[PDB]
Every structure is written in structure tokens, then in C-alpha cells.
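Asker: Before anything else, here's the structure in question.
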Amino acid sequence: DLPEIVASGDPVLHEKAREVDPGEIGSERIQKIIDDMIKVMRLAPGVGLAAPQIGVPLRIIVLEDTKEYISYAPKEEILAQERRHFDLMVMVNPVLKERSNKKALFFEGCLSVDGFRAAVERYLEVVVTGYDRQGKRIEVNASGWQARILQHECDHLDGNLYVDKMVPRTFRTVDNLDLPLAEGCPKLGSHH
Amino acid sequence: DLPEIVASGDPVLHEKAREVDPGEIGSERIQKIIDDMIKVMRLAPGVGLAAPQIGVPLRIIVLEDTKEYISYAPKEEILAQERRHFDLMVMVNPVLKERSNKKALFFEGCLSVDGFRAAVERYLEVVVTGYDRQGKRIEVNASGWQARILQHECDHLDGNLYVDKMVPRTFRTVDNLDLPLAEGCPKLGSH
Ligand SMILES: [Zn+2]
Ligand SMILES: [Zn+2]
């Protein structure tokens with residue numbers, strides 16, 4: 002039976018997720034959880050998913066952003082956002098750190114808070130160490146949109162949601178997503 | 002006819018609303034806007050409504066708490082929230098300021114942001130000067146829930162929503178409303 006995404010309010014979403022013992026990652030139990038996360042991420046088209054989002058208090062995140070996913074997306078947007086596809090990625094016990102001080106502003110959403118969006122500031126490029134599916138130690142360097150997904154998801158592992166880190170008065174309904182940014186609001190884009 | 006409530010996103014909601022020229026408050030025009038606000042506020046049952054919430058960039062707010070509105074809520078809650086009913090109140094060019102440093106934590110919602118709630122800190126007792134429906138100069142002192150509504154609504158007049166004022170990780174789906182506050186969160190109620 003495939004789990005359902007839990008929403009804002011459920012504590013596992015706002016509480017720090019504990020590590021998976023490296024060596025259990027190759028387990029049918031954890032492997033199962035990972036396959037679930039991937040199935041859920043794909044089943045309601047999104048590009049990232051963190052364990053807590055399915056009631057699993059473990060430090061695990063998954064992400065994928067496909068050519069197709071992007072196929073439908075304003076060429077200009079794809080540009081400014083610097084969104085490039087990348088193969089399905091799984092990371093247990095990830096540890097994210099910014100590679101530089103360049104940032105960017107764009108709208109973010111979460112399957113745990115649907116119907117809404119909000120512009121949030123993220124580092125343009127980052128590095129992430131941790132383990133993959135088979136429990137193999139890895140290091141990942143990303144930038145652009147993929148870098149944003151990584152941050153969003155990892156945040157989930159420490160019980161943080163975008164709504165608590167969003168730009169004032171940008172929060173909005175999906176239907177209002179592309180509405181003039183109110184006077185005083187920083188402008189979407191990146192330093193470099 | 003009647004205007005619809007604008008959902009978060011619409012710029013009018015996040016931009017400071019201009020004052021209404023006293024002396025015009027008695028205007029047939031402004032009187033219409035206030036009647037609209039009251040009708041909408043009551044239509045989608047609510048206790049507070051600000052002009053911007055209907056697309057009107059003016060400093061006007063309307064509010065009222067009914068024993069019927071209070072009816073569908075446990076008394077154990079209504080007590081803790083110091084929630085009492087109060088007559089329909091209309092305030093143009095309201096100016097709020099706290100009467101003390103005592104605050105309270107409870108869950109708030111906004112018709113411009115439905116399906117969700119979040120705990121927010123508010124001053125327990127406040128004062129509000131401004132004009133009433135007929136343009137009459139007034140001063141209002143309140144506490145408990147009515148004090149909160151007044152804060153919530155006035156904030157609107159400055160383009161501010163609770164979501165940009167909420168307690169970290171208390172923001173939730175109206176359904177999960179009765180779920181536990183996360184470890185590290187303050188407690189609800191007064192100090
Ligand atoms: Zn998310
Ligand atoms: Zn409101």
C-alpha cells in the first residue's frame with residue numbers, strides 16, 4: 002500500500018529527521034521507503050520529495066527533473082531559473098553547504114502546502130555529501146534549479162518549510178502565481 | 002451585486018491602502034463600499050474584513066463577533082481566547098496601538114488565504130482611533146479576541162498578512178488544526 006503525503010500541521014513535517022544507519026540503507030526496509038518516495042514524487046508531478054513528507058522521520062531525499070517536465074515551461078523562465086534536467090537522485094543523510102554567496106529569487110511550492118506559492122531566496126550553487134541508494138558515499142555539486150530543489154528538500158529534514166523562509170508579501174495562490182509583484186518586493190532573478 | 006474576496010497574490014492585498022477623506026465618509030460612494038464589506042463579511046461567515054480584501058485600496062475595516070459565530074466553538078476554547086461577541090463595528094482610517102505589553106498566541110486565518118491557519122502573536126489589549134460609518138470621530142478600546150481581529154484587519158490596511166507574521170512551523174492545514182505544536186514551539190494562550 003503506497004503512502005500519502007502528509008501536510009502542514011503533522012509534527013514529522015516540523016521536527017528534525019534522524020539519520021539512517023549507513024549499512025541499513027541497502028535494506029529491503031529502507032529501499033522500500035526510497036521506492037515509495039520516488040513513486041509519490043512522480044505520481045503528483047513534483048521534482049523533489051523528503052521522507053518526512055510521507056510520514057518517515059528519516060534523513061532521506063529524492064529528486065528528478067526531466068526533459069519532459071521542462072518541455073512545458075517558458076523558454077525564458079527555464080533560462081532565468083537555469084533549469085536543466087538531471088537523472089533521478091537519492092540521498093540519505095545528506096549534508097548541504099553553499100559553494101558561494103550568489104543567490105536567486107523565484108517562486109517555490111511544496112506538495113505539503115498546495116494551492117499556494119511564494120518567492121524564496123536560495124543559494125545559486127551548492128555541494129551535498131551523503132549516501133546514495135546502495136549506501137555508497139557520495140558528493141554532489143549543483144547550481145541553478147537543481148540546487149534549489151536540494152535546499153528545499155534538505156530543509157524538510159530539519160523540519161523547515163518555505164513558508165517560514167519566504168519573502169514578505171509574495172505568498173500567493175497558484176492561480177495568482179503570475180501576478181504583478183507588489184511594490185517593495187525584491188525582483189526575481191539571480192546575481193549571476 | 003456583490004464583489005468577491007481577493008485571494009493572496011493580488012497586488013492590492015500587499016500594498017498600503019490610502020486614507021479616505023473624512024467628510025467623504027458620509028459619501029454615497031464610500032457608504033456603498035462599507036455596505037459591501039459588511040455584506041461580504043457576513044456572506045462568507047467572517048468576523049473581520051478590510052477594504053483591500055474586495056479590491057478597494059482604502060483604509061476601511063469592518064468587524065463583528067456573533068454568539069452564533071461563537072456558538073460553533075467549544076467554550077473551553079472561547080474562554081481561553083477571551084472571545085466575546087461585539088456589535089458590528091466599522092472603522093475608516095483606523096489607527097491601532099497597544100494598551101499594554103501583554104500578548105497571546107492562538108491560531109488565525111484569513112479569507113484571503115483559505116484552507117490554512119497558523120498561530121500568531123497578538124497584543125491582548127489595544128486602542129483604536131478613527132471614524133465610524135457616519136464619519137464620526139471615535140476611539141475604541143478592546144481586549145481578547147476582538148483585540149486580535151482589530152490587529153489582523155488593520156494589518157491588511159498596510160498590506161500585511163498573518164503568514165508573514167506567524168510563529169515558525171505552526172502554519173497548517175485547517176484539517177491538521179487540532180494536531181500538536183512542534184517541539185520548539187511556544188505554547189498557545191496568554192503568558
Ligand atoms: Zn516540500
Ligand atoms: Zn484576513
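Protein chains in written order, with the authors' numbering: chain A, 2 to 193; chain B, 2 to 192. In this text, a Cβ means the ideal position worked out from N, Cα and C, and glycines have one as well.
Apply the 10 Å Cβ neighbour rule to B:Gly185 and answer buried if 16 or more other Cβ atoms are within range, or exposed otherwise.
Answerer: exposed
Asker: Anyone know if the C-beta pair for A:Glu109 and A:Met167 falls short of 9 Å?
Answerer: yes
Asker: At a threshold of 8 Å, does B:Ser28 count as lining ligand 2 (C-beta to nearest heavy atom)?
Answerer: no
Asker: Can you list, in chain order, the residues of its chain whose CB lies under 6 Å from that of B:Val57, leaving out five sequence neighbours each side?
Answerer: Excluding positions up to five away in sequence, the list reads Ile34.
Asker: Judging by CA-CA distance, which residue of A:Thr67, A:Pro53, A:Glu25 is the nearest neighbour of A:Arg43?
Answerer: A:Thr67
Asker: Taking DSSP as the reference, what is the three-state secondary structure of A:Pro169?
Answerer: coil
Asker: For A:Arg19, which three-state DSSP category applies?
Answerer: When secondary structure is reduced to three states using DSSP, A:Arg19 falls in the strand class.
Asker: Give the interface partners of A:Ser9 over in chain B, defined as CB-CB distance under 8 Å, in chain order.
Answerer: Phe117, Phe172, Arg173, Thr174, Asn177
Asker: If you measure from the CB of B:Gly116, is any heavy atom of ligand 2 nearer than 8 Å?
Answerer: No, ligand 2 has no heavy atom inside 8 Å of this Cβ.
Asker: So B:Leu162 and B:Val114 are in contact, right, with Cβ under 8 Å, and what is the actual spacing, rounded?
Answerer: 7 Å
Asker: Determine, using beta carbons only, whether residue 1 of chain B comes closer than 9 Å to chain A.
Answerer: Not covered by the structure: residue 1 of chain B. The range shown for chain B is 2 to 192.
Asker: Check each candidate in A:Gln32, A:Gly190, A:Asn102 and name the one with the smallest Cα separation from A:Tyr132.
Answerer: A:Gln32
Asker: Could you tell me the alpha carbon to alpha carbon distance between A:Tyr70 and B:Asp88, rounded to whole angstroms?
Answerer: One C-alpha to the other measures close to 54 Å.
Asker: State the Cα-Cα distance for the pair A:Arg84 and B:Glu20, rounded to the nearest angstrom.
Answerer: 44 Å
Asker: For chain A, is any of its Cβ atoms less than 9 Å away from the one on B:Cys155?
Answerer: no
Asker: Looking at the structure shown, is A:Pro181 part of a helix, part of a strand, or coil, going by DSSP?
Answerer: coil
Asker: How many Å lie between A:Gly160 and A:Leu14 at the Cα?
Answerer: A straight line joining the alpha-carbon of A:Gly160 with that of A:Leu14 spans about 5 Å.
Asker: Taking the alpha carbon of B:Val129 as the point to measure from, which residue in B:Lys104, B:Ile61, B:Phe117, B:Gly190 has its own alpha carbon closest?
Answerer: Each of B:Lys104, B:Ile61, B:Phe117, B:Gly190 was checked against the Cα of B:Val129, and the nearest Cα belongs to B:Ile61.
Asker: Which parts of the segment 81-162 of chain B are runs of the alpha helix (DSSP H), unbroken and 4 residues or longer, counting only runs that do not cross its ends?
Answerer: 145-157
Asker: Give the interface partners of B:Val164 over in chain A, defined as CB-CB distance under 7 Å, in chain order.
Answerer: Listed by position along chain A, the residues whose Cβ is nearer than 7 Å to that of B:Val164 are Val164, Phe172.
Asker: Taking the alpha helix (DSSP H) that A:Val41 falls in, what are its first and last residues?
Answerer: 29-44
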